[PDB]
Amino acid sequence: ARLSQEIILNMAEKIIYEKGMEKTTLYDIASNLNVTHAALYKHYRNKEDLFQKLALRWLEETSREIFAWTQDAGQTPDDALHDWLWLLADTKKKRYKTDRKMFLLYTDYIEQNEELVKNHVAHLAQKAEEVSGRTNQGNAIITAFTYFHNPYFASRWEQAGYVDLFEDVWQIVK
């Protein structure tokens, strides 16, 4: 009779949501799972590895639609590029609104991690090229829209002019 990786992950997430990462230890997670401390270690060496897997999981799940996105038949690559960028923007904004607490926590955590951040942006750049058909411009395009998807600016996405600014930026890159 043994723990599952997901019951550990899940319990960790519950505790983090209650009191934040900084105050959450493997000992807290074991205790709440009614299991001896040492049993956690075969899954996670330390809370940092466990925290990294949580953040990545959240990032993976909240982004599935951005990466799975298809255009409607009859869209030009440009119109598709536009609609996809809007969806990316819309998706980060929506999440900030409905999952605010964890958005802040995970998004903070991911940004402080160079390898994770680069990986994510690499994926965004690839998708961008797949949809637009603009070879090797994917980075340039993602970066040009930094304001609209980087979480630092999330608290500014409900201000007057957001849409027009998005459209205005799009006019330059189109």
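The first residue of the sequence shown is number 1, and the count goes up from there.
- Remark: stretch with higher mean C-alpha B factor among 73 to 81 and 96 to 104 is 73 to 81.
- Look at the C-alpha B-factors of 38 to 46 and of 64 to 72. On average they run higher in 64 to 72.
- Highest CA B-factor among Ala30, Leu54, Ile141, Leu116, as stated in the entry: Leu116.
- For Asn10, the recorded CA temperature factor ranks within the lowest third of the chain's modelled residues.
- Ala154 sits in the highest third of its chain by CA B factor, as recorded in the PDB entry.
- In the PDB entry, a CA B factor belonging to the middle third of its chain's modelled residues is recorded for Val163.
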